[PDB]
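Notes to accompany the following structure.
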2 protein chains.
Amino acid sequence: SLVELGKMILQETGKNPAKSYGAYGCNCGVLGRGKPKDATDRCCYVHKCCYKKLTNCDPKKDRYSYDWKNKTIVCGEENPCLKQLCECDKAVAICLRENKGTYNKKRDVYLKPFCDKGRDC
Amino acid sequence: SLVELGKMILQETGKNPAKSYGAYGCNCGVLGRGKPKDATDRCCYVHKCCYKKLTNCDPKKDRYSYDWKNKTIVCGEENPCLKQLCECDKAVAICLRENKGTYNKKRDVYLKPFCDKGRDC
């Protein structure tokens, strides 16, 4: 779920997930996909595509286990759905931390953001 | 101050520092150094010994800034006692996380772990 997602993004970025990513760009926090506004947005685009792949489990509602180990997000190994769901969330939070370089809060979402159609996953 | 220490320890071990380290061994979260029981205890031994040097500043009470960049505690610069403090705290957080493989609940301080006198720092 977004309990582990939220925790991982904090774990990786140090930034609160809801406050920095709740409505960021076209993809972070908000529903659905848009064309990324920026690399951070892009991470979430990559994340929602990654969740799209996931059909036998509930990406947003299903909980899984991960460890904080060696300051690394290690997915609890398990269901191909959960494992890969965790992996999708591990990936997003890494990516998000990898792109704090260019986090522009100007992309936080005051209502509509003007997003273009997501290109195909 | 321990507020920072606690957060660092938490961000390093992702383990609650009061619950996990609050009374652990001869050196963690208790007053005084003792012969280190195990590695965690030894971390806190070396933590205390690192503090012993910081006499220009108050290790338990004095606030310093640090950042979590690239999943790394970065001491910010402040003073030399405070940067050193922050490094001591960060050292302990990291040692703590590097040794939780050998954490033992037996050093609860239900035991009050049979503490010998610590060799000099």
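Tabulated values for the structure
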| quantity | calculated |
| --- | --- |
| Label geometry 7 Å along the beta-carbon vector: B:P80 inter-copy distances in nm | 6.2 |
| Across the identical copies, how the B:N56 labels are spaced - nm, sorted shortest first, 7 Å along Cα→Cβ | 6.1 |
| Chain A - percent relative contact order, Cα under 8 Å, separation 6 or more | 36 |
| Rounded to 10°, Cα long-axis angle of helix B:80-98 versus longest principal axis of chain B | 50 |
| Charge sum, other residues only, whose C-beta stays under 15 Å from B:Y45's C-beta, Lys/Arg counted +1 and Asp/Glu -1 | +4 |
| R0 of 45 Å, Cβ-Cβ distance A:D120-B:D67: FRET efficiency to nearest 0.05 | 0.70 |
| Cα long-axis angle, helix A:39-52 against chain A (0 to 90 degrees, to the nearest 10) | 50 |
| Label point at B:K52 placed 7 Å out along Cα→Cβ; residues across the stretch B:101-121 whose backbone nitrogen lies under 19 Å | B:115-121 |
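We did not get these values from a lab; they are worked out from the coordinates using the rules stated. Ideal geometry is used to build each Cβ from the backbone, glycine not excepted, and the neighbour counts take in all protein chains shown.
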